[PDB]
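What follows is the residue order along each chain.
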Amino acid sequence: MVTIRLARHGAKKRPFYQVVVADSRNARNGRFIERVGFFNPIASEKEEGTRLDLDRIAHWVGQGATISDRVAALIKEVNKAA
Amino acid sequence: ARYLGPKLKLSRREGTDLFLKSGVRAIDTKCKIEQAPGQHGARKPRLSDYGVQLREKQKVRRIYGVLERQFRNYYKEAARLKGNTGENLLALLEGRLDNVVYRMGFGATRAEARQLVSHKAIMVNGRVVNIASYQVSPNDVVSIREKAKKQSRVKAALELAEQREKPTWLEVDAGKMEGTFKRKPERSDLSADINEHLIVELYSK
Amino acid sequence: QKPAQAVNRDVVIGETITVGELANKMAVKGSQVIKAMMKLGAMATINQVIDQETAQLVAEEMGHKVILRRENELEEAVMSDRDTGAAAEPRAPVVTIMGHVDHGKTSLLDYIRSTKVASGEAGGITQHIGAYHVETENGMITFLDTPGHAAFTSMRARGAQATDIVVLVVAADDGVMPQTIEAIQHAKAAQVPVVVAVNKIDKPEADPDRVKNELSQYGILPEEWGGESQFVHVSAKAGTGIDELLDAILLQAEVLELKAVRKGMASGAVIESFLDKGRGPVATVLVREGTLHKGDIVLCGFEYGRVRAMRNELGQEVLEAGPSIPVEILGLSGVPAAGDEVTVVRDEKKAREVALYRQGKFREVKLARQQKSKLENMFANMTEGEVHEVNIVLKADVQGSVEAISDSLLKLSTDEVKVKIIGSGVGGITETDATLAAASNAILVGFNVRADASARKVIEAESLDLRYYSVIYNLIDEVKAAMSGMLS
Amino acid sequence: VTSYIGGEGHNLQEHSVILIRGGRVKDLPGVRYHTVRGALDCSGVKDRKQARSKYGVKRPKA
Amino acid sequence: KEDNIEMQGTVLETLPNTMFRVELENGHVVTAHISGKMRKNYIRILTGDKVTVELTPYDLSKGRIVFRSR
RNA sequence: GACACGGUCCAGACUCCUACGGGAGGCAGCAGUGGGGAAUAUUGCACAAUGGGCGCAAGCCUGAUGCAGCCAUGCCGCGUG
RNA sequence: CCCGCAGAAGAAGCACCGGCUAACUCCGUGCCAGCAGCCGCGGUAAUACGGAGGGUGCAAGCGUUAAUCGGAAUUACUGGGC
Ligand SMILES: [K+]
Ligand SMILES: [Mg+2]
Ligand SMILES: [Mg+2]
Ligand SMILES: [Mg+2]
Ligand SMILES: [Mg+2]
Ligand SMILES: [Mg+2]
Ligand SMILES: [Mg+2]
Ligand SMILES: [Mg+2]
Ligand SMILES: [Mg+2]
Ligand SMILES: [Mg+2]
Ligand SMILES: [Mg+2]
Ligand SMILES: [Mg+2]
Ligand SMILES: [Mg+2]
Ligand SMILES: [Mg+2]
Ligand SMILES: [Mg+2]
Ligand SMILES: [Mg+2]
Ligand SMILES: [Mg+2]
Ligand SMILES: [Mg+2]
Ligand SMILES: [Mg+2]
Ligand SMILES: [Mg+2]
Ligand SMILES: [Mg+2]
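If you check the header, you'll see the entry was determined by cryo-EM and the resolution is listed as 3.8 Å.

Now the structure itself:
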């Protein structure tokens, strides 16, 4: 199936997760259909902590995709913020 | 690494003062500047074009206390920027923290300023920065810690810097022992003894 | 700000120094006065060279600050970091047997040891020594063996004096075997006590009385007056009295039950080392003191490593090595040189530098001897004569075997018949040996080792001769024929 | 192949193992390889102090 | 420098480019060639002369002629 | 969904076990050994995080992966006043 | 990541110096021993070989070799000739 999962980027002790729509059968950093946004658990308070394109999330879920736990909590938090 | 050896020998080779001493005594009272170092320093050989370009580059590099690779990186960055490369690199070299803090009058020599900096004795914008090669931005504020505010060498520095010529783009208050770097200079505010063309043609081979 | 201070600067001195450099290394005011200072103290010249201790004496005469530097410091720093215990609990004894006959080699232990399956091997000779940390009558005893034949005299030496007690087998029919009487003095000179037994008393043709009377004639005190000798009698097959040799060895162990350190850095010796495919470098070590662990840094001679795995004689892995207990270990960079001392070291980075520094000097010295000889004797070799030279390249299973075979072949050389071994090493017959023997006029000899495909291809293409032997005797016989056939 | 040997005096023998390097000498025709001093059996040249690294000789001990 | 060995001998025959085959006092045949000093001084060597050759430990096969004698 | 790295059958070579009657094997997966070469490492810790398989879930598995050890191999910053 | 302790205290080598190409003088040998990328040094006046003093360039690195492109318009389409 297609799902939205977190892909790790950046450097040691410096994580940067892309939010990715991809087949579950590929690797963590493997092929994917579309990049949707990003999250950074290290960034300082003067910089944006996260960004997601909610419309595409809705579109793909309607198509039939599934959401992981961390991504789901992320959408929950952003919806709380806005 | 740094050059830890004798200092006046550099001036003797280059044939002109490099301000590598405090200034309590005139440079001529310390050394025979006109003669080059070494036993054969009396003679004046021919210097070819490549020789004079190399001498100019070496003069700049010694005056600002920079090693070779760092200078190469500076030149590359200046080439990448817009405008006349000589202006840009002159701005780049003067953007170092050591040159600024010396030029603000908090030290006797660039070596003394660097030794102060490496020992976490200064802040910019209230943030302690010990790295010598840090590059400063306009409207940044430089100050000394209260912990090392008691240093007598800093005190005498505040006085001996007086007899020197003071810059135009800088503002300094001995009352609060701090400074503001209003804006970056162009080529004009610096010495005409620096010929940038030779450096440009040298590296651009 | 100018006082009248005399020269008082610090000066570093090397091991060997001379006047010419000493003139400016100290920078004393009396430029010739300095020169006269040596010429006055002792016989000395313009070009004379003094030593670091004499240099310290000189610096004392001058009175300036003296600094002494010597190259051995690297070993001293490693020694200092070694952990040193101060608690001395009792230790087991170490005993070696010198029986130079298959019966005297084997049967004595065979009876005490669990079974005789070890004697199931072919060769009828102790081709290599074994170690057994057996427990007998509440007594923990380490037994060591001996080949005691041909050139294995040096192999016996390595074990001649490392042990604590010496046990041996006497043959009444033979009196005292030649090789045996060669081996005897290694312990009498070692001053270590000697206990002897009369074995193979199963056959009723023996002269025990003649033997015990000859005990004085051997050159050793008879026990009748409380001498070094022992009139204990054992039997190889019947085995009556072996339990009494057990009592005697226990008694002597109680006589010399010294206490050794039981916690910390472990120091020991390498008795035997060989090569195996999965194992690689195998180090069989007797650990007189300390306790080995996994991860501990080990240094033996100019080879080093970390003990990746430690095992027993049964092939079973153990967590540690007890003191006075043999153990087979892995983790070394190569073949540990035979008999070299083995120590655990503290830190990691310094061991590599120590080993490489040891290797450099050894290489320097060996090249120095070889080229000294070559340069001195090239023009002396201008004359020629009648000589029969045979070149051999040797591969053997264990280090001691290489030593023994090379020793035998080199002692077999004669003024007109010379056996000049090109070069030998432990392990399989590989392409280096194949192309080496193919290059020169030599032969590949495999003693209890085999060839490999890489060398095999070059050999079949080359028609090089590979000679296979498993017994030392037949090898000597065939090589003797080989050299003797060259004559005339 | 043929290899020129640098330095004053050499320690080679009819059975010597050495390490070779690139570079050629004009005078001797066809010699296309120098020989690396200070490697394997080839020792360094005795008693010289300038350009030590080229011939592979240690630092003079103080 | 290092000391070289000196020996006396005779020229058997001449080869092109001032190279010669030479028999020494000990009876070994060695190829020899002319020193530069002779190439300045226009001294000439032909078969039958008595000459001095120095040799080197590194190579005894080749030697050098350094003095011509009557 | 394969004509299937850690599945099956046949043939070949090679290695190993045997009562000789017959049997077993496939590191170009992670460490590691031998050999070749001028030349290239630790038989390490943990599923705390990402991702994957199974389950309702708790949870289990993961030498992927996260982190560590060795190496002046390189880029880069600092000191030896 | 921060604070305290003591002490200049625990820490600089490599290559080059005849022209190309930045930087010279003496001693030791005497077309020898040797250097060398090329031209080429060395036969008793060697800034070119070895040692020393001085100098030049890099720097926790410095050199040699291996290899690709550039210099080469020396495969020339841009850009060569008979
Ligand atoms: K220091
Ligand atoms: Mg893939
Ligand atoms: Mg650097
Ligand atoms: Mg290892
Ligand atoms: Mg397929
Ligand atoms: Mg597999
Ligand atoms: Mg099978
Ligand atoms: Mg592998
Ligand atoms: Mg190899
Ligand atoms: Mg998970
Ligand atoms: Mg499992
Ligand atoms: Mg590093
Ligand atoms: Mg010049
Ligand atoms: Mg040179
Ligand atoms: Mg010409
Ligand atoms: Mg001269
Ligand atoms: Mg010289
Ligand atoms: Mg010098
Ligand atoms: Mg071009
Ligand atoms: Mg082209
Ligand atoms: Mg043309």
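Having put the structure on the table, let's press on.
**So, the overall build of chain B**
Scanning chain B for helices and strands turns up eight helices and five strands. When the helices and strands of chain B are listed from N to C terminus, the series reads α-α-α-α-α-α-β-β-β-α-β-β-α. Across its three principal directions, the C-alpha atoms of chain B cover 55 × 45 × 30 Å. Considering chain B as a whole, with its 205 residues, one finds that 37% of them fall into the buried category. Counting contacts in chain B only where the partners sit at least 6 residues apart, residues at least 24 apart contribute 56% of the total. Averaging the coordinates of the 42 positive side-chain charges in chain B and doing the same for the 25 negative ones gives two points 8 Å apart.

**Focus on the protein's contact with RNA strand F**
Neighbouring residues of RNA strand F: 31 residues in total, closest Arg 114 and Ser 133 of chain B together with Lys 277, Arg 306 and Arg 308 of chain C. The sugar-phosphate portion of RNA strand F accounts for 86% of its atoms within 4 Å of the protein, the bases making up the rest. The separation between a phosphate oxygen of RNA strand F and a polar side-chain atom of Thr 430 of chain C is 3.5 Å. Put simply, the parts of the chain that give the surface near RNA strand F at least two residues each are β1 (2-11) of chain A, α3 (68-80) and α6 (110-118) of chain B together with β15 (280-289), β18 (303-311), α10 (349-377) and α12 (431-439) of chain C. A per-class count over the surface near RNA strand F returns five nonpolar, ten polar and 16 charged.

**Thoughts on the pairing of strand β26 (residues 466-469) of chain C**
Residues and elements named next belong to chain C. The sheet contact formed by strand β25 (residues 444-447) and β26 spans four bridges and is parallel. Within β26, the position partnered with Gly 446 by the bridge is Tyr 468. Viewed along the sheet, the connection from β25 through helix α13 (residues 453-462) into β26 turns out right-handed.

**A look at the interface of chain C and chain D**
Bring the parts together and some accessible area is lost; that lost area is often taken as the interface size. Between chain C and chain D, the contact holds 16 residues from the first and twelve residues from the second. Note on chain C versus chain D: buried area summed over both sides is about 1000 Å², and carbon and sulfur give 41% of it. Inspection of the chain C/chain D interface yields zero salt bridges. Where the side of chain C that touches chain D is concerned, the elements lending two or more residues are β1 (11-13) and α10 of chain C. Among the elements that make up the side of chain C that touches chain D, the one with the highest residue count is α10 of chain C (seven residues). Grouping the amino acids of the side of chain C that touches chain D by side-chain chemistry returns four nonpolar, four polar and eight charged.

**Some remarks on unusual backbone geometry**
One non-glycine residue, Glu 137 of chain C, lies in positive phi territory at about 50°. Of note, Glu 137 of chain C is situated in the loop between β7 (131-136) and β8 (139-144). Under the relative-accessibility criterion, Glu 137 of chain C is labelled exposed at 56%. With a phi close to 60°, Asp 47 of chain D is a non-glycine residue in the positive phi region. Relative to the assigned elements, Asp 47 of chain D resides in the loop between β3 (33-35) and α1 (52-55).

**Quick word on helix α7 (residues 178-188) of chain C**
Residue and element names in this part refer to chain C. Listed as buried for α7 are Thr 180, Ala 183 and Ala 187. Along the axis of α7, the buried residues cluster in a sector spanning 70°; they form a single face. The inward-facing, buried residues of α7 abut α6 (153-160) and β9 (165-167).

**Side note on the sheet that holds strand β6 (residues 94-97) of chain C**
Pairing between the strands of a sheet comes from backbone hydrogen bonds, and it takes one of two forms, parallel or antiparallel. Residue and element names in this part refer to chain C. Pairing within the open sheet is mixed, and its four strands lie in the order β7-β8-β6-β9. Strands at the two margins of the open sheet, each flanked by one partner only, are β7 and β9. Taken pair by pair, the neighbouring strands of this sheet meet at an average axis angle of 30°, ignoring direction. Where β7 and β8 come together, six bridges link them in antiparallel fashion. Each bridged residue has a counterpart across the sheet, and for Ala 131 the counterpart in β8 is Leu 144. Contacts between helix α9 (residues 242-255) and the sheet are confined to β6, β7, β8 and β9, with β8 contributing the most and set at about 100° to the helix.

**Quick look at the protein's contact with RNA strand G**
Among the 44 residues in the neighbourhood of RNA strand G, the closest are listed as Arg 43 and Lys 147 of chain B, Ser 53 and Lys 54 of chain D together with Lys 1 of chain E. Counting only atoms of RNA strand G within 4 Å of the protein, the sugar-phosphate share comes to 84%. Take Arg 24 of chain D: an N or O atom from its side chain is 3.5 Å from a phosphate oxygen of RNA strand G. The contact in question runs from a phosphate oxygen of RNA strand G to an N or O atom on the side chain of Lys 54 of chain D, over 2.5 Å. Elements represented by at least two residues in the surface near RNA strand G include exactly α1 (8-14), α2 (49-63) and α3 of chain B, α1 of chain D together with α1 (36-41) of chain E. Per-element tally for the surface near RNA strand G: the top contributor is α2 of chain B, with seven residues. Across the surface near RNA strand G, the residue classes tally to eight nonpolar, eleven polar and 25 charged.

**Describing the sheet that holds strand β24 (residues 417-426) of chain C**
Residues and elements named next belong to chain C. Pairing within the open sheet is parallel, and its four strands lie in the order β24-β23-β25-β26. Bordering the open sheet on either side are β24 and β26, each of which pairs with just one other strand. Taken pair by pair, the neighbouring strands of this sheet meet at an average axis angle of 25°, ignoring direction. Packing against the sheet, helix α11 (residues 399-411) makes contact with β23 (388-396), β24 and β25, and its axis sits at approximately 170° to β24.

**Looking at the nonpolar core**
With 20 residues, the main nonpolar core has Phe 106 and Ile 122 of chain B as its most contacted residues. Secondary-structure elements contributing two or more residues to this core are α5 (97-103), α6, β1 (122-124) and β3 (140-144) of chain B.

**Section: the arrangement of the chains**
The structure contains three pairs of chains in contact, of which chains C and D account for the largest number of contacts. Separating chain A from chain D is a minimum C-alpha gap of 40 Å, and the two share no contact. The two units chain B and chain D are non-contacting; their minimal C-alpha-C-alpha distance is 21 Å.

**Digging into the side chain of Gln 52 of chain C**
All names here are of chain C. Here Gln 52 shows up in helix α3 (residues 52-62). At a separation of 2.9 Å, a polar atom in the side chain of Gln 52 contacts the main-chain amide nitrogen of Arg 69. Those residues within four positions of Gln 52 in sequence are excluded, and the remaining contacts are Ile 13, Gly 14, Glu 15, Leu 68, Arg 69 and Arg 70.

**Overview of a negative patch on the surface**
Residue and element names in this part refer to chain C. On the surface, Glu 137, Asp 243, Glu 244 and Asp 247 cluster together into a negatively charged patch. With respect to the helices, strands and loops of the structure, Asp 247 is situated in helix α9. Using a relative accessible area of 42% as the deciding quantity, one classes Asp 247 as partly exposed.

**Quick word on α12 of chain C**
Residues and elements named next belong to chain C. Considered for burial, the residues of α12 that qualify are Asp 433, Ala 434, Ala 437 and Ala 438. Along α12, the residues classed as buried sweep out an arc of 130° about the axis, all on the same side. Tucked into the core, α12 has its buried residues touching β23, β25 and α13.

**Comments concerning the packing of aromatic side chains**
By convention here, two paired aromatic rings are described through the distance between centres and the angle between planes. Taken as a whole and assessed by the stated rule, the structure comprises five aromatic pairs over all chains. Between the aromatic rings of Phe 71 of chain B and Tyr 203 of chain B, the centroid separation amounts to 5.8 Å while the plane-to-plane angle is 35°, which identifies the pairing as tilted. Taken together, the positions of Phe 71 of chain B in helix α3 and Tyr 203 of chain B in helix α8 (residues 196-203) put the pair 132 residues apart, joining distant regions of the chain. Grouping residues by exposure puts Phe 71 of chain B and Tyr 203 of chain B together as buried. An aromatic cluster is present here, built from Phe 71, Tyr 75 and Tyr 203 of chain B joined pairwise through their rings. Directly above the aromatic system of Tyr 102 of chain B lies the positively charged group of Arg 164 of chain B, at a separation of 4.7 Å from the ring centroid. Between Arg 450 of chain C and the ring centre of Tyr 468 of chain C, over which it is positioned, the NZ or CZ distance is 3.8 Å.

Reading the values: the criteria
Residues numbered from 1 in each chain as written, not as in the entry; some residues may be left out. Chains lettered and ligands numbered in written order. Part of a larger assembly, values for the part shown. Heavy atoms only, no water. Helix = DSSP H or I, 4+ residues; strand = E, 2+ residues; numbered from the N terminus. Buried < 20%, exposed > 50% of the residue type's maximum accessible area, 1.4 Å probe, protein only. Contact = heavy atoms within 4.5 Å. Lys, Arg positive; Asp, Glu negative; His and termini not counted. Charge placed at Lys NZ, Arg CZ, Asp CG, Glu CD. Near = heavy atom within 4 Å. Polar contact = N/O pair within 3.5 Å; in protein donor to acceptor, adjacent residues only side chain to side chain. Nonpolar A, V, L, I, M, F, W, Y, C, P; charged D, E, K, R; others polar. Pairing = 2+ DSSP bridges. Right-handed = clockwise from strand over helix to strand, strands pointing away. Buried area = accessible area lost by both parts, 1.4 Å probe. Salt bridge = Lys/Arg side-chain N within 4 Å of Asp/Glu carboxyl O. Arc of directions from axis to C-beta. Axes fitted to C-alpha atoms, helices over the stretch in contact; angles between N-to-C directions. Core = buried A, V, L, I, M, F, W, Y, C linked by side-chain atoms within 4.5 Å. Patch = residues over 30% accessible without salt bridge, like charges linked within 9 Å, V, L, I, M, F, W, Y side chains within 5 Å. Areas by Shrake-Rupley, 256 points an atom, 1.4 Å probe, with all protein chains shown as cover. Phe/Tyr/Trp six-rings, centres within 6.5 Å; stacked < 30°, edge-to-face > 60°. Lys NZ or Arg CZ within 6 Å of the ring centre and 35° of its normal.

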